[PDB]
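Under PDB author numbering, the first residue of the sequence shown carries the number 1, and numbering increases by one thereafter.
We treat Cβ as the ideally placed atom computed from N, Cα and C, and that holds for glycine.
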Amino acid sequence: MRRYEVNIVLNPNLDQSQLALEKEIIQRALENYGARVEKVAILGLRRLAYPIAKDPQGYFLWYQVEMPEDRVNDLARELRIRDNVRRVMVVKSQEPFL
Numbered sequence: 001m002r003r004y005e006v007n008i009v010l011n012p013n014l015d016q017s018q019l020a021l022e023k024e025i026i027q028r029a030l031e032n033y034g035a036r037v038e039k040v041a042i043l044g045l046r047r048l049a050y051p052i053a054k055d056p057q058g059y060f061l062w063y064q065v066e067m068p069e070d071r072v073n074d075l076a077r078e079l080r081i082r083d084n085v086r087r088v089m090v091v092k093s094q095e096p097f098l
């Protein structure tokens with residue numbers, strides 16, 4: 001098992017309601033791939049390094065999880081496919097939240 005930080009960028013045009021749902025769905029997907037979600041945070045709107053879908057902004061969601069390394073890729077694939085998901089980045093935790 002490995003601990004990861006899942007960084008998700010969502011459509012900046014979604015409202016409080018839509019963001020909450022995507023956040024819940026994404027969390028359900030993580031667990032579906034054997035993950036145990038330790039922490040979640042809504043980081044908010046940020047100016048992307050490069051526009052995605054013609055929009056220079058994105059809404060950031062963050063998750064800290066522990067899951068089988070062998071399921072991360074498939075998980076990353078599924079999430080990138082979501083309509084409201086603009087960017088997915090799963091990295092190995094360095095200084096995990098307690």
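Classification of residue i by the beta-carbon crowding that lies within 10 angstroms, buried from 16 upward
{"i": "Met1", "result": "exposed"}
{"i": "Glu22", "result": "buried"}
{"i": "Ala41", "result": "exposed"}
{"i": "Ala35", "result": "buried"}
{"i": "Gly44", "result": "exposed"}
{"i": "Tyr50", "result": "exposed"}
Same chain, Cβ closer than 8 Å to residue i, neighbours up to 5 away in sequence not counted
{"i": "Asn13", "result": "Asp55"}
Cβ shell of residue i (< 6 Å), same chain only, five flanking positions each side left out
{"i": "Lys39", "result": "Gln64, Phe97"}
N- and C-terminal bounds of the alpha helix (DSSP H) containing residue i
{"i": "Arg80", "result": "69 to 81"}
Close Cβ partners of residue i (< 7 Å) along its chain, the five nearest in sequence each way excluded
{"i": "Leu10", "result": "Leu19, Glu22, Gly58, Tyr59, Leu61, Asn84, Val85, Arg86"}
Practice task
Counting only runs of 4+ residues fully inside the region 9 to 47, write out the alpha helix (DSSP H) ranges in chain order.
Solution key: The region 9 to 47 contains these whole alpha helix (DSSP H) runs: 16 to 32.
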